[PDB]
Amino acid sequence: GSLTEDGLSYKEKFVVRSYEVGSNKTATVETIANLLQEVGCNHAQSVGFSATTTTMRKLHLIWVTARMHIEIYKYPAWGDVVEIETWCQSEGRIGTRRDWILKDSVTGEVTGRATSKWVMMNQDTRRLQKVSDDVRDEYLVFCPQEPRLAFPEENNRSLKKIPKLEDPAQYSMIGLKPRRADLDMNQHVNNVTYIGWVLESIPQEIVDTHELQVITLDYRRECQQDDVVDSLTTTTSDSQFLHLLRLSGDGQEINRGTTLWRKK
Amino acid sequence: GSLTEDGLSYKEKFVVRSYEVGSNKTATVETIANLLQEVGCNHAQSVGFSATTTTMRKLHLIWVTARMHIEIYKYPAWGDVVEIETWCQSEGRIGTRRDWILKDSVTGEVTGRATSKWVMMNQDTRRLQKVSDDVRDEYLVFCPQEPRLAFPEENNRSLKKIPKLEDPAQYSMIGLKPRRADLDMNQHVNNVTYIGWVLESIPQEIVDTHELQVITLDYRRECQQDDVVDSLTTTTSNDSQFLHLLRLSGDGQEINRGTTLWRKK
Ligand SMILES: COc1cccc2c1CCCC(=O)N2
Ligand SMILES: COc1cccc2c1CCCC(=O)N2
């Protein structure tokens, strides 16, 4: 992959692998989510971030996901080349935004798009801080100056408020525990695991007859390596669902989201 | 990737991804195992296979893993290029063998090697069978005629007999269930999941202070999407060695057995 001519976005092509595909012989949403992370990470390295700034490191500050929104029109088939373009944008003192565009490498058609909101947190106290002037200056030089949104439409699904699922849930998957392959290089549970965990409570008949079109996820708390999770789902309707990930014991909310599925 | 000049092996280069690495910033054994599968699968496609032959599809026969043996000297770092060469060999009427060699793309040094034994089985009844001559003929044309082994040594750990772990186990990880990402395109639990499940019962302090050098795995039964598994480990030993056992949570039916070898960092 490489940064574009202007140095304000990054592009990378991926060939879909045999183990990356589902029952339909196309990449899973978890494979797509892993690819968004890989292209975002390679963009971070290409601009010297490797995604902390020097001032964030001298202050024990880290970027954490608050919201992730993915919309897939066409899942690439096993063997196809998917091209992904990604870029970051400052949102004042609120935080950063990272956007992605997925294209079919042969036709050039847009096959998917994602948006993510990131916030500043102290790595130690976990207290969230508003972005200071110094951090914005270190970041803005690698961002487009004019707004560039993967989801520009007036009143779009990427900015919708998500409600809390009320008990009893229609469907559930209980006792989910993260294994070592669910941890990143810093021993934290990876964001992709939560997507898989949310989808575990969707009935197999829905999965077999429908394709996932949209997924919006709100991150409230991190799941530890020793925590046990319950995944809950209720139909709110195309088929639409409301989801909730909470700790098995105390019931502390860790995630909430919505999914939209189209008939095949 | 592509087949070699002679058409008797396949080569492919892979760049190690950010999400593919562990705490050491190097590819995990599960990432390596996924890469062996990807290169083996791309070799099957390059020579006209599904890897079933015309006669195997006509008889509802499939290839299933019986043993997998991996030995890693150096794990590639996040960003490095690993080159893998793979090939198949017939073992008479017993089954097929698939071998792999992993090299550092910059130095050309061998950083790992794997060997796997495969057996013929009816997809419906799950009954094993010795390979027929018609099937052996369709396969042999894509295999080296002279023997070509990733593990040639006169006494090698890839062919050692593995005993059954006796209760009580020293360490255990209880209630492991496969999720949808553990299933392949045919809704069967992936062989990489079993590797991860075996390693779940190894203590975190062993993992933190040691690197995995060898892993031999014997496949006895398939784990279904609705089955629950217990992973058991006992130390059998500078180097640390373990004996492992995966069994169904309920009845205790053995699904896997293996050994691991770990050296100090
Ligand atoms: C959803 O994207 C993710 C998730 C986790 C980690 C990263 C990324 C890409 C952008 C930031 C980064 O450097 N790494
Ligand atoms: C360990 O290698 C694996 C595991 C599972 C599936 C496959 C392979 C490669 C050789 C056969 C194949 O085409 N697919």
Side-chain angles (χ1 to χ4, degrees), chain A residues 10 12 17-19 30 32-53 62-70 78 84 86-88 95-100 114-118 139 142 184-186 188-195 215 217 219, chain B residues 10 12 17-19 21 30 32-53 62-70 78 84 86-88 95-100 114-118 139 142 184-186 188-195 215 217 219 222:
Chain A
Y10 193 88
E12 193 169 357
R17 296 162 175 185
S18 58
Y19 62 87
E30 298 185 57
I32 299 306
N34 271 324
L35 297 190
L36 306 177
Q37 174 188 160
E38 180 62 9
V39 73
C41 181
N42 282 340
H43 179 200
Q45 207 242 115
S46 74
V47 298
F49 284 145
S50 303
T52 62
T53 70
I62 52 160
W63 286 117
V64 144
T65 319
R67 156 94 128 237
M68 178 82 215
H69 184 82
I70 303 173
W78 162 29
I84 313 183
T86 194
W87 68 93
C88 347
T96 45
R97 203 190 73 249
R98 177 173 288 274
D99 286 5
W100 300 259
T115 190
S116 74
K117 285 183 187 314
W118 299 69
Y139 248 71
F142 311 111
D184 55 25
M185 69 185 77
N186 296 120
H188 288 289
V189 174
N190 43 233
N191 79 94
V192 180
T193 292
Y194 300 107
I195 297 176
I215 184 170
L217 214 53
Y219 299 90
Chain B
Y10 193 88
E12 193 169 357
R17 296 162 175 185
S18 59
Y19 62 87
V21 309
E30 298 185 57
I32 299 306
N34 270 324
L35 297 190
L36 306 178
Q37 174 190 157
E38 180 62 10
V39 74
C41 180
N42 282 341
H43 179 199
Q45 207 244 261
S46 74
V47 298
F49 293 141
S50 77
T52 66
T53 70
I62 58 168
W63 286 114
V64 278
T65 319
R67 171 167 292 189
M68 178 83 215
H69 184 82
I70 303 172
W78 163 29
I84 313 183
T86 194
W87 67 93
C88 347
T96 46
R97 203 190 74 249
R98 177 173 288 274
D99 286 5
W100 301 258
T115 190
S116 73
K117 286 181 185 316
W118 299 69
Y139 248 72
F142 312 111
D184 55 25
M185 70 184 81
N186 296 120
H188 288 288
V189 174
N190 194 222
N191 286 344
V192 179
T193 293
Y194 300 107
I195 297 176
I215 184 170
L217 215 53
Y219 298 90
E222 206 163 65

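Proteins get letters first, then strands, A, B, ... in listed order; numbering begins at 1 in each. Every number for a ligand or one of its atoms is a count from 1 in the order of the listing.
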Next item on the list: Under 4.0 Å, heavy atoms only, figure out whether ligand 1 is touched by the backbone of A:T65, its side chain, both or neither.
Entry: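 Neither; no heavy atom under 4.0 Å.
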
Notebook entry, point to check: Should the proximity of A:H43 to ligand 1, defined as any heavy atom under 4.0 Å, be assigned to the side chain, the backbone, both, or neither?
Noted result: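 Neither part.
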
Item checked: Per-atom contacts, ligand 2 versus B:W100 - under 4.0 Å to a heavy atom ->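 Matching atoms, with element in brackets: 1 (C), 2 (O).
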
Next item on the list: Determine the interplanar angle of the A:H43 and A:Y10 rings, folded into 0 to 90°, and report it as parallel if under 30°, tilted if 30 to 60°, perpendicular if over 60°.
Entry: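 A:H43 vs A:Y10 ring planes: parallel.
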
Note to self: Quick one, A:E30 and A:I195 - any side-chain contact, counting heavy atoms below 4.5 Å?
What the structure shows: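 Yes. Closest side-chain heavy atoms under 4.5 Å.
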
Between [X] and [Y], does any side-chain donor sit less than 3.5 Å from a side-chain acceptor?
X      : Y     : value
A:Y139 : A:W63 : yes
A:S116 : A:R97 : no
A:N191 : A:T65 : no

Check: Any non-hydrogen atom of A:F49 lying under 4.0 Å from ligand 1?
Finding: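 A:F49 does not count as a contact of ligand 1 under the 4.0 Å cut-off.
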
Next item on the list: Please state whether B:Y19 comes within less than 4.0 angstrom of ligand 1, counting heavy atoms only.
Entry: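 Contact absent.
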
Notebook entry, point to check: Atoms of ligand 1 less than 4.0 Å from A:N191 heavy atoms?
Noted result: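 By the 4.0 Å cutoff, the relevant atoms are 4 (C), 5 (C).
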
Note to self: Within ligand 1, which atoms have a heavy atom of A:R98 less than 4.0 Å away?
What the structure shows: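 That gives atoms 10 (C) of ligand 1.
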
Notebook entry, point to check: Is there a heavy atom in B:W118 that sits closer than 4.0 Å to ligand 2?
Noted result: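 Flag set, B:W118 near ligand 2.
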
Next item on the list: Out of A:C41, B:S18, A:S116, A:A33, indicate the one that has the non-hydrogen atom closest to atom 14 (N) of ligand 1.
Entry: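 Minimum heavy-atom distance to atom 14 (N) of ligand 1 goes to A:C41.
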
Notebook entry, point to check: Hey, does the side chain of B:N186 reach the backbone of B:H188 with a donor-acceptor pair shorter than 3.5 angstrom?
Noted result: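 Not a single qualifying donor-acceptor pair exists.
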
Checklist line | Top protein contact for atom 6 (C) of ligand 2, by heavy-atom distance | finding: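 For atom 6 (C) of ligand 2, the nearest protein heavy atom comes out as B:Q37 CG, 3.8 Å.
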
Note to self: Taking atom CD as the centre, does B:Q45 end up with more than 12 heavy-atom neighbours from other residues, nucleotides or ligands that are less than 6.0 angstrom away?
What the structure shows: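 Not buried by this count: 12 neighbours or fewer within 6.0 Å.
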
